[PDB]
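Chemist: File my_file_4.cif follows (mmCIF, C-alpha atoms):
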```cif
data_final
#
loop_
_atom_site.group_PDB
_atom_site.id
_atom_site.type_symbol
_atom_site.label_atom_id
_atom_site.label_comp_id
_atom_site.auth_asym_id
_atom_site.auth_seq_id
_atom_site.Cartn_x
_atom_site.Cartn_y
_atom_site.Cartn_z
ATOM 1 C CA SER A 1 16.570 31.518 -8.906
ATOM 2 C CA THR A 2 13.831 29.735 -10.811
ATOM 3 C CA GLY A 3 13.436 26.904 -13.307
ATOM 4 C CA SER A 4 10.761 26.061 -15.882
ATOM 5 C CA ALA A 5 10.574 22.880 -17.949
ATOM 6 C CA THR A 6 8.005 21.358 -20.239
ATOM 7 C CA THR A 7 6.653 17.937 -19.352
ATOM 8 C CA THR A 8 5.305 15.711 -22.110
ATOM 9 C CA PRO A 9 3.051 12.627 -22.077
ATOM 10 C CA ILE A 10 4.937 9.449 -23.026
ATOM 11 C CA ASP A 11 2.026 8.075 -25.046
ATOM 12 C CA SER A 12 -1.490 8.774 -26.268
ATOM 13 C CA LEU A 13 -3.033 7.757 -22.921
ATOM 14 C CA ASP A 14 -0.922 10.037 -20.679
ATOM 15 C CA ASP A 15 0.434 6.931 -18.915
ATOM 16 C CA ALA A 16 3.262 9.079 -17.574
ATOM 17 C CA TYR A 17 5.053 12.333 -18.291
ATOM 18 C CA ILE A 18 8.726 12.973 -19.101
ATOM 19 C CA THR A 19 10.726 16.120 -18.477
ATOM 20 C CA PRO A 20 14.199 16.774 -19.876
ATOM 21 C CA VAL A 21 16.971 17.012 -17.276
ATOM 22 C CA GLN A 22 20.590 18.023 -17.856
ATOM 23 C CA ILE A 23 23.125 15.910 -15.946
ATOM 24 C CA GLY A 24 26.887 16.390 -15.864
ATOM 25 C CA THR A 25 29.477 18.401 -17.753
ATOM 26 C CA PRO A 26 29.096 18.590 -20.677
ATOM 27 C CA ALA A 27 25.369 18.141 -20.241
ATOM 28 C CA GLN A 28 23.809 14.742 -20.816
ATOM 29 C CA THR A 29 20.085 15.230 -21.307
ATOM 30 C CA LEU A 30 17.852 12.452 -19.991
ATOM 31 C CA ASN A 31 14.045 12.395 -19.981
ATOM 32 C CA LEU A 32 12.941 11.715 -16.440
ATOM 33 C CA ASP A 33 9.631 10.922 -14.783
ATOM 34 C CA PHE A 34 9.114 13.602 -12.134
ATOM 35 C CA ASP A 35 7.575 11.745 -9.205
ATOM 36 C CA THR A 36 6.099 13.543 -6.195
ATOM 37 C CA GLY A 37 5.509 10.095 -4.676
ATOM 38 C CA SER A 38 9.201 9.149 -4.274
ATOM 39 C CA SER A 39 12.500 10.757 -3.365
ATOM 40 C CA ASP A 40 15.267 9.207 -5.466
ATOM 41 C CA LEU A 41 16.738 10.715 -8.645
ATOM 42 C CA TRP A 42 17.889 7.632 -10.532
ATOM 43 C CA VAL A 43 18.914 7.070 -14.130
ATOM 44 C CA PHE A 44 19.633 4.419 -16.666
ATOM 45 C CA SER A 45 23.388 4.493 -17.056
ATOM 46 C CA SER A 46 26.534 3.005 -18.516
ATOM 47 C CA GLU A 47 26.463 0.717 -15.454
ATOM 48 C CA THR A 48 22.990 -0.714 -16.155
ATOM 49 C CA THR A 49 22.983 -4.440 -17.018
ATOM 50 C CA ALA A 50 23.062 -4.387 -20.828
ATOM 51 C CA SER A 51 20.154 -6.796 -21.330
ATOM 52 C CA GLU A 52 18.016 -4.464 -19.186
ATOM 53 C CA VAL A 53 18.515 -1.449 -21.449
ATOM 54 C CA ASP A 54 16.182 -1.248 -24.464
ATOM 55 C CA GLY A 55 16.161 2.179 -26.102
ATOM 56 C CA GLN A 56 16.656 4.444 -23.100
ATOM 57 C CA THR A 57 19.182 7.241 -23.039
ATOM 58 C CA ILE A 58 21.927 6.528 -20.501
ATOM 59 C CA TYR A 59 24.016 8.660 -18.200
ATOM 60 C CA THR A 60 27.725 7.922 -18.504
ATOM 61 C CA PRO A 61 29.469 9.366 -15.433
ATOM 62 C CA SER A 62 32.954 8.741 -16.820
ATOM 63 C CA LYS A 63 32.188 11.306 -19.556
ATOM 64 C CA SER A 64 31.203 13.965 -17.012
ATOM 65 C CA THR A 65 34.032 16.083 -15.633
ATOM 66 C CA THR A 66 31.900 17.026 -12.614
ATOM 67 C CA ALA A 67 30.798 13.481 -11.680
ATOM 68 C CA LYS A 68 32.180 12.029 -8.451
ATOM 69 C CA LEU A 69 31.511 8.554 -7.111
ATOM 70 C CA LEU A 70 29.834 8.793 -3.717
ATOM 71 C CA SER A 71 32.027 6.236 -2.018
ATOM 72 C CA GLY A 72 30.248 3.242 -0.531
ATOM 73 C CA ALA A 73 26.751 4.502 -1.332
ATOM 74 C CA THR A 74 24.091 2.216 -2.778
ATOM 75 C CA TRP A 75 20.372 2.511 -3.401
ATOM 76 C CA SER A 76 17.469 0.153 -3.963
ATOM 77 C CA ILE A 77 13.826 1.092 -4.443
ATOM 78 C CA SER A 78 10.530 -0.690 -4.983
ATOM 79 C CA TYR A 79 7.465 1.144 -6.236
ATOM 80 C CA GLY A 80 3.744 0.698 -5.615
ATOM 81 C CA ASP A 81 3.280 -0.894 -9.033
ATOM 82 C CA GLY A 82 5.772 -3.646 -8.193
ATOM 83 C CA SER A 83 8.636 -2.224 -10.251
ATOM 84 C CA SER A 84 12.138 -1.733 -8.818
ATOM 85 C CA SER A 85 15.710 -0.619 -9.478
ATOM 86 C CA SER A 86 19.040 -0.393 -7.654
ATOM 87 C CA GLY A 87 22.659 0.644 -8.067
ATOM 88 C CA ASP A 88 25.374 3.006 -6.870
ATOM 89 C CA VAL A 89 25.578 6.785 -6.550
ATOM 90 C CA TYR A 90 27.412 9.741 -8.044
ATOM 91 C CA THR A 91 27.189 13.417 -7.260
ATOM 92 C CA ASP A 92 27.017 15.688 -10.303
ATOM 93 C CA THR A 93 25.525 18.898 -11.618
ATOM 94 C CA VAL A 94 21.825 18.634 -12.450
ATOM 95 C CA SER A 95 19.756 21.302 -14.171
ATOM 96 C CA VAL A 96 16.017 21.452 -14.763
ATOM 97 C CA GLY A 97 14.649 24.169 -16.991
ATOM 98 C CA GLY A 98 17.498 26.566 -16.214
ATOM 99 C CA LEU A 99 17.713 25.814 -12.482
ATOM 100 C CA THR A 100 21.028 24.256 -11.507
ATOM 101 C CA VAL A 101 21.990 22.184 -8.463
ATOM 102 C CA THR A 102 25.625 21.246 -7.916
ATOM 103 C CA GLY A 103 26.449 18.125 -5.928
ATOM 104 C CA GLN A 104 23.094 16.452 -6.577
ATOM 105 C CA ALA A 105 23.012 12.733 -5.821
ATOM 106 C CA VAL A 106 22.472 10.952 -9.146
ATOM 107 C CA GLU A 107 21.616 7.322 -8.505
ATOM 108 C CA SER A 108 23.034 5.156 -11.263
ATOM 109 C CA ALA A 109 21.083 1.983 -11.981
ATOM 110 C CA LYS A 110 22.942 -1.307 -12.126
ATOM 111 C CA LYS A 111 19.644 -3.222 -12.255
ATOM 112 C CA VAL A 112 16.115 -2.287 -13.294
ATOM 113 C CA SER A 113 12.969 -4.409 -13.383
ATOM 114 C CA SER A 114 11.253 -5.465 -16.570
ATOM 115 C CA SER A 115 8.671 -2.688 -16.691
ATOM 116 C CA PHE A 116 11.431 -0.068 -16.768
ATOM 117 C CA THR A 117 13.318 -1.926 -19.511
ATOM 118 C CA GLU A 118 10.119 -2.262 -21.513
ATOM 119 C CA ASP A 119 9.439 1.482 -21.431
ATOM 120 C CA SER A 120 11.932 3.048 -23.830
ATOM 121 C CA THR A 121 10.641 6.585 -23.195
ATOM 122 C CA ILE A 122 11.600 6.899 -19.505
ATOM 123 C CA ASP A 123 15.314 7.323 -18.746
ATOM 124 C CA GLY A 124 14.842 7.397 -14.966
ATOM 125 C CA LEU A 125 12.916 9.122 -12.175
ATOM 126 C CA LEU A 126 13.324 12.436 -10.384
ATOM 127 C CA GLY A 127 11.783 12.198 -6.944
ATOM 128 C CA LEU A 128 9.962 15.181 -5.464
ATOM 129 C CA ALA A 129 8.532 13.741 -2.247
ATOM 130 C CA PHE A 130 10.283 14.416 1.056
ATOM 131 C CA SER A 131 13.937 13.451 1.418
ATOM 132 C CA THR A 132 13.107 11.219 4.393
ATOM 133 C CA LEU A 133 12.047 8.601 1.794
ATOM 134 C CA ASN A 134 15.359 8.657 -0.096
ATOM 135 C CA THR A 135 16.809 5.142 -0.258
ATOM 136 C CA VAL A 136 20.547 5.882 -0.439
ATOM 137 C CA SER A 137 22.529 3.970 2.155
ATOM 138 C CA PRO A 138 24.410 4.454 4.426
ATOM 139 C CA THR A 139 23.986 8.239 4.048
ATOM 140 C CA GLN A 140 20.532 9.345 2.918
ATOM 141 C CA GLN A 141 20.571 11.947 0.137
ATOM 142 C CA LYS A 142 18.444 15.015 -0.598
ATOM 143 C CA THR A 143 16.027 15.484 -3.483
ATOM 144 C CA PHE A 144 16.651 18.002 -6.235
ATOM 145 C CA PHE A 145 13.980 20.270 -4.751
ATOM 146 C CA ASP A 146 15.438 20.012 -1.259
ATOM 147 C CA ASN A 147 18.881 20.951 -2.609
ATOM 148 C CA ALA A 148 17.544 23.850 -4.693
ATOM 149 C CA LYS A 149 15.076 25.223 -2.146
ATOM 150 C CA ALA A 150 17.201 27.807 -0.360
ATOM 151 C CA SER A 151 18.278 29.317 -3.690
ATOM 152 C CA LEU A 152 14.751 29.575 -5.120
ATOM 153 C CA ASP A 153 12.872 32.879 -5.182
ATOM 154 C CA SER A 154 10.081 31.081 -3.293
ATOM 155 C CA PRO A 155 10.386 27.556 -1.803
ATOM 156 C CA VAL A 156 7.811 25.986 -4.115
ATOM 157 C CA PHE A 157 7.405 23.952 -7.232
ATOM 158 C CA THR A 158 4.277 23.607 -9.358
ATOM 159 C CA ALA A 159 2.852 20.811 -11.493
ATOM 160 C CA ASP A 160 0.705 21.734 -14.488
ATOM 161 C CA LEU A 161 0.110 18.465 -16.318
ATOM 162 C CA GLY A 162 -1.676 18.448 -19.637
ATOM 163 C CA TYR A 163 -4.468 16.223 -20.879
ATOM 164 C CA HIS A 164 -3.204 14.644 -24.093
ATOM 165 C CA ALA A 165 -0.833 17.630 -24.293
ATOM 166 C CA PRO A 166 2.406 18.999 -22.850
ATOM 167 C CA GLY A 167 2.455 20.843 -19.544
ATOM 168 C CA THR A 168 4.934 22.470 -17.199
ATOM 169 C CA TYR A 169 6.943 22.004 -14.023
ATOM 170 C CA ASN A 170 8.045 25.299 -12.493
ATOM 171 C CA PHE A 171 10.485 25.743 -9.624
ATOM 172 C CA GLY A 172 10.664 28.777 -7.403
ATOM 173 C CA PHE A 173 7.650 30.769 -8.628
ATOM 174 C CA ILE A 174 3.902 30.609 -9.221
ATOM 175 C CA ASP A 175 2.848 31.477 -12.777
ATOM 176 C CA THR A 176 -0.305 33.480 -12.128
ATOM 177 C CA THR A 177 -1.259 33.186 -15.814
ATOM 178 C CA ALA A 178 -1.388 29.374 -15.647
ATOM 179 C CA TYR A 179 -4.638 28.991 -13.688
ATOM 180 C CA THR A 180 -8.104 30.459 -13.314
ATOM 181 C CA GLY A 181 -9.638 31.816 -10.125
ATOM 182 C CA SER A 182 -7.715 31.397 -6.882
ATOM 183 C CA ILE A 183 -5.365 28.772 -5.477
ATOM 184 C CA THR A 184 -6.866 27.006 -2.457
ATOM 185 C CA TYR A 185 -4.259 25.796 -0.018
ATOM 186 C CA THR A 186 -4.699 22.782 2.212
ATOM 187 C CA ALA A 187 -2.709 21.182 5.039
ATOM 188 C CA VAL A 188 -0.030 18.533 4.429
ATOM 189 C CA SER A 189 1.220 15.754 6.677
ATOM 190 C CA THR A 190 4.818 14.780 5.962
ATOM 191 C CA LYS A 191 4.680 11.898 8.469
ATOM 192 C CA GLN A 192 4.850 9.223 5.742
ATOM 193 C CA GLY A 193 7.247 11.241 3.566
ATOM 194 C CA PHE A 194 4.547 12.101 1.029
ATOM 195 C CA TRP A 195 2.586 15.184 -0.002
ATOM 196 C CA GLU A 196 -0.319 13.816 2.027
ATOM 197 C CA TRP A 197 -3.493 15.857 2.379
ATOM 198 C CA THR A 198 -7.237 15.449 3.010
ATOM 199 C CA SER A 199 -9.811 16.099 0.325
ATOM 200 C CA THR A 200 -13.140 17.397 1.603
ATOM 201 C CA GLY A 201 -15.282 15.144 -0.606
ATOM 202 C CA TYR A 202 -16.529 14.324 -4.084
ATOM 203 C CA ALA A 203 -19.279 14.429 -6.690
ATOM 204 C CA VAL A 204 -20.025 12.176 -9.664
ATOM 205 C CA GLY A 205 -21.109 13.989 -12.802
ATOM 206 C CA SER A 206 -23.833 16.539 -12.073
ATOM 207 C CA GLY A 207 -24.642 14.820 -8.776
ATOM 208 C CA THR A 208 -24.660 16.376 -5.335
ATOM 209 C CA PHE A 209 -21.388 16.855 -3.508
ATOM 210 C CA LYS A 210 -20.702 14.370 -0.721
ATOM 211 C CA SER A 211 -18.811 15.923 2.160
ATOM 212 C CA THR A 212 -16.378 13.336 3.454
ATOM 213 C CA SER A 213 -12.689 13.391 4.391
ATOM 214 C CA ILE A 214 -10.440 11.464 2.003
ATOM 215 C CA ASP A 215 -6.791 11.301 3.066
ATOM 216 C CA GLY A 216 -4.425 10.709 0.163
ATOM 217 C CA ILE A 217 -1.218 11.696 -1.585
ATOM 218 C CA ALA A 218 -0.556 14.026 -4.491
ATOM 219 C CA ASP A 219 1.514 11.721 -6.682
ATOM 220 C CA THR A 220 2.617 12.786 -10.144
ATOM 221 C CA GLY A 221 4.303 9.400 -10.602
ATOM 222 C CA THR A 222 1.064 7.442 -10.438
ATOM 223 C CA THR A 223 -1.097 7.442 -13.571
ATOM 224 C CA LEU A 224 -4.564 6.927 -12.107
ATOM 225 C CA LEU A 225 -6.812 8.130 -9.303
ATOM 226 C CA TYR A 226 -7.079 5.565 -6.504
ATOM 227 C CA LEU A 227 -9.876 6.160 -4.002
ATOM 228 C CA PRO A 228 -11.901 4.196 -1.428
ATOM 229 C CA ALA A 229 -14.062 1.385 -2.811
ATOM 230 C CA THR A 230 -17.271 3.135 -1.776
ATOM 231 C CA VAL A 231 -16.370 6.252 -3.827
ATOM 232 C CA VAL A 232 -15.217 4.265 -6.835
ATOM 233 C CA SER A 233 -18.351 2.099 -6.825
ATOM 234 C CA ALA A 234 -20.477 5.244 -6.748
ATOM 235 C CA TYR A 235 -18.608 6.579 -9.796
ATOM 236 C CA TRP A 236 -18.789 3.452 -11.964
ATOM 237 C CA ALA A 237 -22.456 2.853 -11.081
ATOM 238 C CA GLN A 238 -23.195 5.848 -13.325
ATOM 239 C CA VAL A 239 -21.640 4.123 -16.359
ATOM 240 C CA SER A 240 -23.844 1.516 -18.044
ATOM 241 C CA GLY A 241 -22.033 -1.772 -18.341
ATOM 242 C CA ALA A 242 -19.119 -0.849 -16.096
ATOM 243 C CA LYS A 243 -17.852 -3.597 -13.830
ATOM 244 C CA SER A 244 -14.920 -4.520 -11.650
ATOM 245 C CA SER A 245 -12.922 -7.264 -13.332
ATOM 246 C CA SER A 246 -10.553 -9.333 -11.203
ATOM 247 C CA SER A 247 -9.026 -10.798 -14.386
ATOM 248 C CA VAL A 248 -8.202 -7.374 -15.809
ATOM 249 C CA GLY A 249 -7.310 -5.844 -12.430
ATOM 250 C CA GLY A 250 -9.911 -3.160 -11.911
ATOM 251 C CA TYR A 251 -12.942 -1.393 -13.279
ATOM 252 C CA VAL A 252 -13.563 -1.665 -16.990
ATOM 253 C CA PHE A 253 -16.327 -0.113 -19.047
ATOM 254 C CA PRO A 254 -17.722 -0.249 -22.578
ATOM 255 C CA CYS A 255 -15.533 1.791 -24.882
ATOM 256 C CA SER A 256 -18.768 3.176 -26.395
ATOM 257 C CA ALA A 257 -19.599 4.957 -23.107
ATOM 258 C CA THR A 258 -19.554 8.662 -22.437
ATOM 259 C CA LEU A 259 -17.999 8.991 -18.997
ATOM 260 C CA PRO A 260 -19.256 11.375 -16.307
ATOM 261 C CA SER A 261 -16.954 13.889 -14.689
ATOM 262 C CA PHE A 262 -15.594 13.450 -11.188
ATOM 263 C CA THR A 263 -15.231 16.334 -8.770
ATOM 264 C CA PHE A 264 -12.988 16.383 -5.708
ATOM 265 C CA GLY A 265 -12.931 18.880 -2.873
ATOM 266 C CA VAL A 266 -10.034 21.031 -1.769
ATOM 267 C CA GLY A 267 -11.322 22.879 1.260
ATOM 268 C CA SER A 268 -14.412 24.721 0.023
ATOM 269 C CA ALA A 269 -13.089 24.641 -3.558
ATOM 270 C CA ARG A 270 -13.818 22.032 -6.207
ATOM 271 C CA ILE A 271 -11.671 20.490 -8.953
ATOM 272 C CA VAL A 272 -13.594 18.920 -11.842
ATOM 273 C CA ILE A 273 -12.011 15.990 -13.711
ATOM 274 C CA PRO A 274 -13.717 15.759 -17.105
ATOM 275 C CA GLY A 275 -15.043 12.333 -18.050
ATOM 276 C CA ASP A 276 -12.633 11.961 -20.956
ATOM 277 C CA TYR A 277 -9.691 12.114 -18.508
ATOM 278 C CA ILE A 278 -10.981 8.866 -16.965
ATOM 279 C CA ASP A 279 -10.770 6.834 -20.219
ATOM 280 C CA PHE A 280 -7.595 4.734 -20.489
ATOM 281 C CA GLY A 281 -8.588 2.949 -23.630
ATOM 282 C CA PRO A 282 -8.942 -0.687 -24.681
ATOM 283 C CA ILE A 283 -7.737 -3.266 -22.156
ATOM 284 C CA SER A 284 -5.923 -4.987 -25.034
ATOM 285 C CA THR A 285 -5.486 -3.905 -28.637
ATOM 286 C CA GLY A 286 -8.787 -4.070 -30.487
ATOM 287 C CA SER A 287 -10.942 -4.738 -27.432
ATOM 288 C CA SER A 288 -14.216 -2.871 -26.882
ATOM 289 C CA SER A 289 -13.675 -3.066 -23.129
ATOM 290 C CA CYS A 290 -11.883 0.025 -21.842
ATOM 291 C CA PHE A 291 -9.867 0.519 -18.654
ATOM 292 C CA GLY A 292 -11.068 3.030 -16.067
ATOM 293 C CA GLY A 293 -9.008 5.906 -14.750
ATOM 294 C CA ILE A 294 -10.597 5.808 -11.301
ATOM 295 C CA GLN A 295 -9.799 2.640 -9.383
ATOM 296 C CA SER A 296 -10.100 1.287 -5.859
ATOM 297 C CA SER A 297 -7.293 1.939 -3.372
ATOM 298 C CA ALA A 298 -8.457 -0.996 -1.258
ATOM 299 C CA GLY A 299 -5.383 -3.072 -0.499
ATOM 300 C CA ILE A 300 -2.968 -0.295 -1.543
ATOM 301 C CA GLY A 301 -3.172 1.102 1.953
ATOM 302 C CA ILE A 302 -3.393 4.716 0.796
ATOM 303 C CA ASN A 303 -5.500 6.855 -1.510
ATOM 304 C CA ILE A 304 -3.597 8.291 -4.456
ATOM 305 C CA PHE A 305 -4.361 11.490 -6.303
ATOM 306 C CA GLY A 306 -2.392 10.538 -9.389
ATOM 307 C CA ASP A 307 -2.171 12.151 -12.808
ATOM 308 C CA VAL A 308 -5.891 11.694 -13.602
ATOM 309 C CA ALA A 309 -6.690 14.079 -10.739
ATOM 310 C CA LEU A 310 -3.624 16.315 -10.827
ATOM 311 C CA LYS A 311 -3.838 17.083 -14.549
ATOM 312 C CA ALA A 312 -7.258 18.714 -13.914
ATOM 313 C CA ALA A 313 -5.541 21.316 -11.707
ATOM 314 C CA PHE A 314 -2.663 23.689 -11.306
ATOM 315 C CA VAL A 315 -0.918 22.247 -8.251
ATOM 316 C CA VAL A 316 1.420 24.048 -5.878
ATOM 317 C CA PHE A 317 3.849 21.983 -3.821
ATOM 318 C CA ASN A 318 4.718 24.529 -1.135
ATOM 319 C CA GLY A 319 7.936 23.565 0.633
ATOM 320 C CA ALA A 320 7.862 26.284 3.248
ATOM 321 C CA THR A 321 8.866 25.343 6.794
ATOM 322 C CA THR A 322 5.344 23.992 7.216
ATOM 323 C CA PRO A 323 4.576 22.494 3.809
ATOM 324 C CA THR A 324 1.152 22.870 2.182
ATOM 325 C CA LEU A 325 -0.508 21.997 -1.132
ATOM 326 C CA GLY A 326 -2.392 24.410 -3.366
ATOM 327 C CA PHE A 327 -4.943 23.580 -6.053
ATOM 328 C CA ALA A 328 -6.487 25.833 -8.697
ATOM 329 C CA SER A 329 -8.713 25.139 -11.662
ATOM 330 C CA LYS A 330 -7.196 25.938 -15.061
#
```
What would you get if you wrote out this structure as structure tokens?
Modeler:
Amino acid sequence: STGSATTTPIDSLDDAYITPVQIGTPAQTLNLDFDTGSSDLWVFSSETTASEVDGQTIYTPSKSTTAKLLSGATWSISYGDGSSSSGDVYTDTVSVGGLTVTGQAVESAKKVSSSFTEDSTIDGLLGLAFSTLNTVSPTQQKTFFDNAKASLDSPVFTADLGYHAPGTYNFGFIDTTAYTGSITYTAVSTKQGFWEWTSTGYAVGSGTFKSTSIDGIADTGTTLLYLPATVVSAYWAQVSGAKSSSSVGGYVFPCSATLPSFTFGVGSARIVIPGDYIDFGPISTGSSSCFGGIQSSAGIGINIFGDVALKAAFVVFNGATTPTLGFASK
């Protein structure tokens, strides 16, 4: 089997991407944030504290003839950005772009933190990291990909995120028309539960490539590109007026700037992030100070190849017995 679904930016800055997901019988379609940095599929629901719902579409398990309460199971998750959610668990039928999993754990939120409430466009998350990170207790549950894998034509999914435009998540096949050149594959460590790999280096604009190993995670659920302070300083030094602002919470730059590109290495291959992908717009409405899309990972504890990087590539998440990651230009 295979699946193919369109993923759409939630706003004009590509702050995140939503993908429609069918849950239950009859189908209840929710727009979920597909997150290769976590491993819970959770949704706003009829059980979510009413004051914490503000415009989201909810899953109502009592209206699904295939929903079953997973007795005694609870979940609770906290994300890198400080947001969180928790609740109980159902199993139900879940379909993504024509690919159907029966008995998928659907984690129903009883509580969500303010940032989730405040974002009306995201109805929940669909985790695509390794199931070892799943938070369901006392019996850990599998991700949608893990459940689908054996049925797929090939044990892979691909992320093709657009810049200021829709893109695609495919399951079970590689669309050879969706990229240019070849896909370069690189080793993955699953030791931390992430799609963790090592970039071979970087360049800023038309500058020379610096060969240096940068361990980090391919994380579709993180908006920006978080890299070591040395790398980030080298980037922003090429932008007149750019500075790190502790009050704003990272590098800012004059909105009048033309940003340089940023290249990262995948083995001997190179992925070029155009400068415009690095512009996240005014820090506050009407400001001429703009927020940078490349930021320091210092104090995160890990480097993160988020959407800023991933959207410059066609990315293969290869879930073979030994997982790997593939990157192609597009």
Chemist: Written as an MDAnalysis selection string, what is the full residue list that the PyMOL selection byres ((chain A and resi 301-318) around 7) yields on the file shown?
Modeler: chainID A and resid 155:163 179 215:228 271:273 277:278 293 297:300 319:320 323:330
Chemist: Just checking: using all atoms listed in the file, which residue out of A:127, A:9, A:292, A:281 ends up closest to residue A:195?
Modeler: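 The answer is A:127, which sits nearest to residue A:195.
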Chemist: Quick one: of A:267, A:274, A:207, A:24, who's nearest to residue A:100, counting only C-alpha atoms?
Modeler: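 The closest residue to residue A:100 is A:24.
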Chemist: Point out the residue among A:14, A:131, A:201, A:91 with the least atom-to-atom distance to residue A:38, counting all atoms listed in the file.
Modeler: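 Among A:14, A:131, A:201, A:91, it is A:131 that comes nearest to residue A:38.
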Chemist: Restricting the calculation to only C-alpha atoms: of A:134, A:83, A:117, A:168, which residue gets closest to residue A:18?
Modeler: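 With only C-alpha atoms as the atom set, the closest residue is A:168.
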